[PDB]
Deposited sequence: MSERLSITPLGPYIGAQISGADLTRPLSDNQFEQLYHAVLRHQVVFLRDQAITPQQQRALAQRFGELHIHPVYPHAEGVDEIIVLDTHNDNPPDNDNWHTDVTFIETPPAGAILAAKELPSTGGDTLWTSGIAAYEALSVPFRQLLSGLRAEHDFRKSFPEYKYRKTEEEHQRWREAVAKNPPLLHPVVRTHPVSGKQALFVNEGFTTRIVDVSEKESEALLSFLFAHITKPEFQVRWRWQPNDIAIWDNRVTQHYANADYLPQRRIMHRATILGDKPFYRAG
């Protein structure tokens, strides 16, 4: 059956209702949804009181999962990450990032389930790498197309906040590596900016002051409201996004209330650039 899809902007975002998440999706609906997650870069679904297991299953429909090397997992589902924030574990996601770009093959998508929410706050926003690229002048597209930038797990997971033995672990297992500044989408083939303030440390193909100037420019550029969507969470909301051409930011303005979110993280392939 036809899914109802309501775009939330000209670029990024859409809201859908057609699924009973509780129930496996009919091949047919899965490819309406799959295609919606690509056309819009994020999609929101409401009233989906799923379990971790059921969430992991739906993620798998997209591809193999990735296990976070730091974050805690659900009960007996190590593929679904638990984000339980509160005073004893303050939220660290109020910063524009793309998930896990510190691995060779950063995730193609993730599925967020709103399990337990505070009165208000906790909004999460997404910014389009496609729309930001399209917003660059040609000479800037030509400048950035082909540069490579270093991503460092350590920039968003510093030593001092950690255990220190299990942190070192994840470090030696995740050294800084390079991804293209401008990423060509493996499916749509659309060009998109692919740096993120959370993990991108420097554009290695220019001088240091040069990199510094380009990144300050870029870490502000992706911040333009036109490039975004903002979601006001509600319990059992589901969020699904294309992590290869977006960044997102999760507001830290609800403490000391508690907030619980489950995430399924889907492995992607190796980001590249083509002309």
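Note: segments 1-2, 165-169, 283 of the deposited sequence have no C-alpha coordinates in the structure.
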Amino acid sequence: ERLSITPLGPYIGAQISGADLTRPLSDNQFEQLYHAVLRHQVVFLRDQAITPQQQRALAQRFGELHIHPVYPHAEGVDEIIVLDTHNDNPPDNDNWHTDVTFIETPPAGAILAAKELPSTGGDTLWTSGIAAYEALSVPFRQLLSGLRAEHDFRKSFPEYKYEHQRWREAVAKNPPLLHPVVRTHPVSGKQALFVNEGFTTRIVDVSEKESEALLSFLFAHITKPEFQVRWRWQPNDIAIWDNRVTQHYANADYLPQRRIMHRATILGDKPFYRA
From here on, numbers count along this sequence of modelled residues.
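Superpose the two forms; the largest set of C-alphas matching within 1.5 Å is the rigid core.
Superposing on the core and measuring CA offsets in 4 other deposited structures of this protein, the stretch of 38-46 and 66-74 with the greater mean deviation is 66-74.
Relative to the shown model and aligned on the rigid core, the C-alphas in 4 other deposited structures of this protein deviate most, among 12-20 and 253-261, for 12-20. Across the two stretches, 250-258 and 20-28, the PDB entry reports the greater mean Cα temperature factor for 20-28. When the modelled residues of the chain are ordered by their C-alpha B factor, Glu212 lands in the lowest third. Among the modelled residues of the chain, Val77 sits in the highest third by CA temperature factor in this PDB entry. Remark: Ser188 belongs to the middle third of its chain, ranked by C-alpha B-factor as recorded.
In the PDB entry, a CA B factor belonging to the highest third of its chain's modelled residues is recorded for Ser156. Ranked against the other modelled residues of its chain, the C-alpha B-factor of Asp94 as given in the entry falls in the highest third.
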